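Starting off, we have a lone chain in the form deposited in one PDB entry, written out as structure tokens.
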């Protein structure tokens, strides 16, 4: 009754506030992927051009631009922010502090810390949805949300950014009363997409039984 409406309200507010999550994480990814690649090349092989690696660390470090883009994503889920997200932003910042100009000895640590943080951003969106959907009274929706959360997390472990795009799109469609697109949009290349979308269809059915 009254509590179900307030639960739906809480969900819709979160979804609207976080609707740029995938666009913004993709934007960080696109600015940083060349830099990440250069560091991995240097760390995994015989490539030795330290000036490239210094320019790559510069992308992650300069003017705190990338750190602040991550802090902006943290602020969006402030009401639900997980402790693991704040911890991983700080670890990224510490590894950046250790990098002095023309010293590349910490380069792989910067790249690794960035990659863990990028995945945890996606996990923090899932965790926020988990917190909100857990407060619902309807047991069918609560159960279907938990399965959606667990299939989403398995998707993230396969590919963080694709999973985030699918999660943001699916929940956005659901709370805007658009029919969920249940077919794989990425060639079934990502093996976890199919089970995610199946759980999304079942969550959609449960959501509509409430909304009615």
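Residues that one form lacks are left out of the comparison. If you superpose the two forms and keep the largest set of C-alpha atoms that fall within 1.5 Å, you have the rigid core. Numbering follows the first chain given and starts at 1.
Keep in mind the form deposited in another entry is missing from the figure; the text below concerns it.
Only one of 81, 108, 140, 119 has its C-alpha shifted by 2 Å or more between this form and the one not shown once the core is superposed, and that residue is 81. Inter-residue distance, residue 82 to residue 119 (Cα): increased by at least 3 Å in the other form versus the depicted form.
81-84, 100-105 are the runs of three or more consecutive shared residues whose C-alphas all shift by 2 Å or more between this form and the one not shown after the rigid core is superposed.
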